[PDB]
Amino acid sequence: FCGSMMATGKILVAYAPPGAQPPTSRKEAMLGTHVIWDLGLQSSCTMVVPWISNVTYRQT
Amino acid sequence: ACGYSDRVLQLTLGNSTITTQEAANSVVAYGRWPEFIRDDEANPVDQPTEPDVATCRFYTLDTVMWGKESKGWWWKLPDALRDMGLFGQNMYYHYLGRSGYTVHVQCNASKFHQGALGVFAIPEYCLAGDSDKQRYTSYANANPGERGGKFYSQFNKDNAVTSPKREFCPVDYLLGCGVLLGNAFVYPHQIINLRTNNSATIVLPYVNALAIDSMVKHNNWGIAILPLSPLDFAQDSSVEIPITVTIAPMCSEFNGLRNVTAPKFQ
Amino acid sequence: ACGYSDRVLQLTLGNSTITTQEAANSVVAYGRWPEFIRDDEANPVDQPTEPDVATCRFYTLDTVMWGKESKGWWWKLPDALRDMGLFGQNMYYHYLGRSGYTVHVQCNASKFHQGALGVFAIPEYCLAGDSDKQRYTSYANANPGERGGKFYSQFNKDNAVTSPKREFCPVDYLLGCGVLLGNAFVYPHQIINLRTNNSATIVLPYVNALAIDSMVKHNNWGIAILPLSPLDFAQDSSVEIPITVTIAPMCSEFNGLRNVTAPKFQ
Amino acid sequence: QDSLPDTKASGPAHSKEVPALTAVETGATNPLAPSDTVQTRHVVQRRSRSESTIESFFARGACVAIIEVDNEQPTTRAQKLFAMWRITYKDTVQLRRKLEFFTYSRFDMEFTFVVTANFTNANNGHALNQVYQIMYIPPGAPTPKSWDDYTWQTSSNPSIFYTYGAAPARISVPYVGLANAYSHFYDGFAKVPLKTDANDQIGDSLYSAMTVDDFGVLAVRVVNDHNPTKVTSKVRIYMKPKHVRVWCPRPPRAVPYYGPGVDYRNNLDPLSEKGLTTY
Amino acid sequence: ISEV
Amino acid sequence: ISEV
Amino acid sequence: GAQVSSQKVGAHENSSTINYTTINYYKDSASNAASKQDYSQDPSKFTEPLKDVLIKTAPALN
Amino acid sequence: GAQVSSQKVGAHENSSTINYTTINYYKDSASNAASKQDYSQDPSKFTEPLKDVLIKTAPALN
Ligand SMILES: CCCCCCCCCCCCC/C=C/[C@@H](O)[C@H](N)CO
Ligand SMILES: *C(=O)CCCCCCCCCCCCC
Ligand SMILES: *C(=O)CCCCCCCCCCCCC
C-alpha cells in the first residue's frame, strides 16, 4: 500500500480454484481461498495460492 | 523484543485468513472454546457429519454503513449464515445441527474520526414485537438472514390491525427486549472505539439447554452492534464509514439427514 | 449349520441398508476396495473435506422398465449422482473430488420368467457419436444425469447438418464404442439371470490416471446394462419388469473449495 | 525358472465335488484344468509365456507418421520446404490398436527415423547430400513460419541433424505425461458450459479430448539451400514403447477407426456368416 | 560387475 | 572403478 | 557397472549356463534398453474378483 | 578409471538401482561431458539479504 500513513482500509484478496463462474462480487470471492488485509504499519500483505490441481504439472 | 502485540492478530480457519493490526485482544465467551459433543453428553444416536474445513471457514456478510443517525444492527446465528456455501446446505439437509463461531467485526476510520460501537453476543436473544399482540413476530420476520435488522429509538406500534406487519420493534436503549442497554455488558462483548481499535473478535462456544437442536427453528446467539458514542468527523455532518461482519462456524456437527428443508421466506 | 449364504447379503452405508435374498456373491472390481488418498500419493495441498455418512450412503435412481424390445441402458459416474443430496453439493462446490462406489442393480421377476441382464462397470467409458463429425457430442448430451441413456441396434447417423443433435449413438453389439459386446466381460461385471438371482452388487474403487480430478469435467466409470438374453414370460408378448439402480459413494474426499459450479444443461 | 505348471496325473472320480458346474452370474471364470474333467497323465511342462509379457508384446518399432519435405527454390506459392507433424500414434492404426487393449499406460519412448529421397525431374543437374533438421517444438514454444526463420536456432528445443545415407537416427524420451499414467481413453471434456456464460461457444469443447496441443509437434526441414533440381524426401517415424506398464484391459477395436475418438461410421459388421451347426 |  |  | 545375466538357451551346440553382459552408457534411464526379464502375476483380479472367493469343487451358489 | 553412478529411474519395466558407467578419454577437462549431478543452494542471498533477518511470524518492522 503506498498511501499516506493517515490512510486506513481493509481489503479482501482471493483465489478461486477453477471450474465455477469467475468471481464478480465479494460475496462469491470470499467462498474461495482468501486473506483479509488490514492496512497499518506492516505495509504489505501476502496471499499464498496453494497448489490445488488435478494434473501433477500444468502447462505453461 | 521480536514484537508480538495483542493488537496484531491472524485468524486462519479452513481456506480463509483474517489479519488485523489494531485489535483490542479477543474474547472467548464465558471462557469456553467451542468443542464437539462428547459421548457422555450425546443424545441422537446416528453417526454425525462433521464437514470440517468445508463449513468452518470465514463467511463475510454484506457491509452496512454507519452514519450519524444509525441506531444499530442485529443478526442472529445460525440464521445469518443460512445461505453461506456448504454451511447452509448442511444446516438445511439435517434435522439437527450444532456449531460454535468466531465473529470478527471490522470498522476502520482515521485518527481524526471518533465514535464507539458496542459489539454484544447474547445467548437466546429474544426481541420484542411491534404490536399489542404478544409473541406474534412471524418466522420470516424474526429471521432476516445476512441482512440482519435494525434498532429504533422508540416504540412505534404497528396499528394496521387488518394486515399486521408481525415484525420486531427493537428499541435501542432497551436492547430491543425490555432491559437497559447499559447492562448488556454482562454478555460477552468488545467495544470498537475508533481512537483505539478497528476490529472486535469474539469466539462463541455453542450455548443451549441441549447438546444439539434444530438450527432452522432456533437461533442460539444474537450479535447486537449499537453506537455507544455516535460517529463524528472533522466538522462534517454526513460522515459514513462501513462496518463489515465476518463469521466462521467452528466444530460443526449435524445429525438426522433426510431431504432438504426449504423454508418459506417470501 | 446357522445358515450364511453368498445369496443373502445386507449392505449398510450411512443411514441406508439394502438386503437381498438372491444375490450371486459380489464383485470388488480389480480386487481393490475403495480408499482415501495417501499422503505419498497426494497432490492438491489444501486439507480435504470428507463428508463421510452425509454423502456415502445409498441413493436410488429412477426405475427403468425392461420390456421385450429394450436394447439397454447406460449411466456415467459421478454424473448419475450429480443431483443427489449432499454428494451433489460437495461435487459442485469443489474443484476436485474423488469417490469409489457400491453399485446395486435390482431386478426381480418369478420362476416362470426368463432373461439375463449383463451389468458391466467400465473405466473411462467413451461412447461413439451420431454423425460424421468426430468427438462432437456436447457436454449436456454426454451427461444425462440419473436418467442415463439407451443403446440402439444400429447406427442411425444424424443428418440435420444445420442443427446437429450432438448426441451419442451407442450401438449395442458394439458396446457403444466400436468393440464387440462379447468381450465386455474383461470389465468387472455380474449377470442377473432371472432363474438364478435378482440383483448384482459391484464395489468400484476410484480408477483414474490421477489421484483426484474434476468430477464435473470427467466421468471415471460407466455402468452399462444390456439384455444378454431378452425378457420373456409365459406366452405373453408384452411383459415388462422394473430395473432399479441404487449407488452409494464411498471414501469421498474433495479439494479446492470456492463458489458453486452451475453447469448449463438446458 | 519361467515354465507353466505341470499337468498332474488324475484318475476316476465319483464324488460330491463338482468342479464342472458353476454360476457365471457371479462375474468369475471357472479355473478348471483338464484333470478336473478327464483322466490326465503327468506332463512336465516346459512352455513359458516369455513372448507375451507386456514388454515383449510392444517391443517393436511401429510406423506412426510419414512426413514429406522438399528442397527446391523458395517460390511465392505454398511449398513444403518445412513440414510439421503433431506427435501422435493415432495417424496409423496398428500400434494404436495394440495400446488400446489398455486404458492407461506408463512407458519411455524410442523414436527411430528412416529418411528416403528421390529426384522428381528428369534432369536439372543433381544434388549434393542433404542434412535434415528434426526439431521438437513443445506446446508454447514459437513454431517456424519459414524454413530458415529464427526458431530453427533451436537454443532450447532439442533437434536431431540427420545426414542422408547414415544409419536411421534414434533417440529416447522419458515418461512425459502430466498425470501418473497416459490416458488412452478420457471420458470427459476440457471445458464445462456454465449457466452464466455469455454464449454457448465459451464452454464448448470436444468430447474425450484433453489438452489442445498434446505433446507438441516435430518440425522437419532440409538444412541445405536448394539445388537447381528439386529433391523430395520422406521421413518415416517408428515408435517403440519401452519399460512398459499398463492398466485396465479393454475389448480390442473391432470395426474401423473413424478419427481420434471412439467414433465409428462404416463396416460395422466385423463377423462373417457361418451355420450354427457347420464345423 | 554384478552377475544375476 | 569408483561407484558413487 | 557391467551386469552379467544368464541366457535361456534354445538350440544347443554340440559343445551349460551361457551369460551375456550389459553396461548402461547414459545417465537417463529412458536411454536404457529393455531387460526383458519380466515377472508375471495372477489373473485373479480379472478372473475371480469376488468378495468371497469359493473353491472350484464347492457349489458357486450356496 | 570407470566411474559408476546410479540413474534416477522414471518409468520402470516389470522386471532397483540401475547404474551407468563413465570413463574420461581425454587429458583436458574441457573435453569432458557434463555430469549433471548438480547441487543447489539457498536463495536467501537474493530473497532475504537483510542485515538482521527476522522470522516470518514476527513483525517485519519492530
Ligand atoms: C528430437 C525429437 C524429440 C521427440 C520428443 C517427443 C516427445 C513426446 C513423446 C510422446 C509419447 C506419446 C504416447 C502417447 C500418450 C497419449 O496416449 C495420452 N494422450 C496422454 O495422456
Ligand atoms: C562397471 O561399469 C565397471 C567397469 C566396466 C569397464 C568397461 C567400460 C566400457 C566403457 C564404458 C564407457 C561409457 C561412456 C563413457
Ligand atoms: C579405469 O579406467 C580402469 C580401467 C578401465 C578399463 C576400460 C578402458 C577402456 C578404454 C579406454 C581408452 C582411453 C583412450 C586410450
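Start at 1 and go down the list; that is how both ligands and their atoms are numbered. Here is how names work: the chains are called A, B, and so on, in the same order as the sequence lines, proteins then strands, and each is numbered from 1.
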Check each heavy atom of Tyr89(D) against ligand 1 and say whether those closer than 4.0 Å belong to the side chain, the backbone, both or neither.
side chain
Relative to atom 21 (O) of ligand 1, which among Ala169(D), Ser183(D), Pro241(D), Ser172(D) owns the nearest non-hydrogen atom?
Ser183(D)
May I ask you to identify the nearest protein heavy atom to atom 12 (C) of ligand 1, giving residue, atom name and distance to one decimal place in Å?
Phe215(D) CE1, 3.6 Å
Side-chain donor-acceptor contact under 3.5 Å, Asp46(C) with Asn255(C)
yes
Rounded to the nearest 0.5 angstrom, the OG-OH distance for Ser233(D) and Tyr162(D) is 10.0 Å
Which residue and non-hydrogen atom of the protein lie closest to atom 3 (C) of ligand 1, and at what distance in Å?
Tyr136(D) CB, 3.8 Å
Between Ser159(D) and ligand 1, is there a nitrogen or oxygen pair with a distance under 3.5 Å?
no
State whether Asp204(D) and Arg166(C) are salt-bridged, where the test is any N-O pair (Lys NZ or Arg NE/NH1/NH2 against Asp/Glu carboxylate O) under 4.0 Å.
yes
Using a strict cut-off of 4.0 Å, indicate which atoms of ligand 1 neighbour a heavy atom of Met210(D).
19 (N), 21 (O)
Check: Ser172(D)/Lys242(D) side-chain N/O donor and acceptor closer than 3.5 Å:
yes
All salt bridge (charged side-chain N to carboxylate O under 4.0 Å, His left out) counterparts of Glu55(D), not counting sequence neighbours:
none
Which atoms from ligand 1 have a heavy atom of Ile87(D) less than 4.0 Å away?
6 (C)
Check contact between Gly177(D) and ligand 1, using heavy atoms of the residue and a distance below 4.0 angstrom.
no
Can you report which non-hydrogen protein atom sits closest to atom 9 (C) of ligand 1, along with the distance?
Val173(D) CG1, 3.8 Å
Side chain to side chain contact (heavy atoms under 4.5 Å, CB included) between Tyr25(G) and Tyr20(H), worked out
CA-CA 6 Å; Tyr25(G) 307 117; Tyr20(H) 65 102; over 6 Å; no
Just to confirm my output: which protein heavy-atom neighbour is closest to atom 20 (C) of ligand 1, and how far is it?
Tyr182(D) CD2, 3.4 Å
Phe113(D) vs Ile67(D), side chain to side chain contact (heavy atoms under 4.5 Å, CB included): CA-CA, chis, key distance, verdict
CA-CA 10 Å; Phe113(D) 303 85; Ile67(D) 302 174; over 6 Å; no
Side-chain donor/acceptor of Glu13(H) to backbone N/O of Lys36(G), under 3.5 Å
yes
So is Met135(D) close enough to ligand 1, meaning a heavy atom under 4.0 angstrom away?
no
Looking at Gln130(D), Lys80(D), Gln79(D), which one forms a side chain to side chain donor-acceptor pair (under 3.5 Å) with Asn71(D)?
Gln130(D)
Run the salt-bridge test on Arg265(D) and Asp132(C) with the 4.0 Å N-O cut-off and return the result as yes or no.
yes
Hey, what polar pairs (N/O, under 3.5 Å) does ligand 2 make with protein?
residue	atom	partner	partner atom	Å
ligand 2	2 (O)	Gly1(G)	N	2.2
ligand 2	2 (O)	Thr21(H)	OG1	2.7

Could you tell me if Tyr257(D) and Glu100(D) have a donor-acceptor pair between their side chains, going purely by distance under 3.5 Å?
yes
